[PDB]
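Shown here is one chain on its own, the form solved without the named molecule, set out as structure tokens.
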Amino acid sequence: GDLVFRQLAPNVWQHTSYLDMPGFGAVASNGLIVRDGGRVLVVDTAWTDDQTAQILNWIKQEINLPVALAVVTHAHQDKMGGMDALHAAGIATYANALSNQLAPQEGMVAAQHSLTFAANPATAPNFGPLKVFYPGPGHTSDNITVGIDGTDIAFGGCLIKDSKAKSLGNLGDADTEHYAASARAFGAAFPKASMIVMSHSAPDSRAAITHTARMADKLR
């Protein structure tokens, strides 16, 4: 139901937001709140439609300036989940073109403009100060990773994950046969992002990247 913020760089806030959906009890999910001059921008929305309202609320209350846009890492209820709020707050949603199709084909909303130049599996567009990067199929075929160039922040998302939870999390509608290839993608798509944020508890280091491909092969 709720929402937490861990300032983890100048310009940049982390979004936590807890529900008892996946990780047994209360689980975590992450987007980031990025600030682009006066503009304000977000990778990914919480679990629900009210958890992305409070992302917006604690933003005017403590960041201030107005949101323009919100990029969704993929067509999964943790990553879309909240959308309708973005729409109602005249926010431009930007799903990657393979997302806007697995959305209403797996119980959810499709983002406004569709992101591309990244449909075909080791690509990137640009974005103000932000970098959308596609790494192939992994956690879902449309999972999408982002770094803010000058913060050594990467966001692999539901793709890269914490050494904390034993295995790899929800791996439903996806491809294991590329995953381990695709965790690499970023390690070298942003060779520098020391601050790898991930969408289930605190940013580890550049070692989850590596361990995940190690891991996805422990269970393969």
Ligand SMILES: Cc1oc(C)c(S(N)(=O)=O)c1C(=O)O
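For every residue, the number given is its place in the sequence shown, counted from 1. Under this definition, the rigid core comprises the largest set of C-alpha atoms superposing within 1.5 Å between the forms.
Note that the form solved in complex with the named molecule isn't included here; everything after this is about it.
Each of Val27, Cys158 and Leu168 is positioned with at least one heavy atom within 4.5 Å of the named molecule in the entry with it bound. Just one listed stretch, out of 183 to 191, 33 to 41, 160 to 168, 58 to 66, contacts the named molecule in the entry with it bound at the 4.5 Å heavy atom level, and that stretch is 160 to 168. Taking the partner from the other structure, the named molecule in the entry with it bound has a heavy atom within 4.5 Å of a heavy atom of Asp78. In the entry with it bound, none of the heavy atoms of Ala202 sits within 4.5 Å of a heavy atom of the named molecule. Contact check for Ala9: every heavy atom lies farther than 4.5 Å from the named molecule in the entry with it bound. Along 38 to 56, a single residue, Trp47, places a heavy atom within 4.5 Å of the named molecule in the entry with it bound. Rigid-core fit between the shown form and the other one: of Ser163, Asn64, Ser194, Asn57, the one residue whose Cα shifts 2 angstroms or more is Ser163. Core-superposed comparison between the shown form and the other one: the Cα of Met21 travels 2 Å or more. Between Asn57 and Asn126, the Cα distance is smaller in the entry with it bound than in this structure, by no less than 3 angstroms. In the entry with it bound, the CA atoms of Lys164 and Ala26 move apart by 3 angstroms or more relative to this form.
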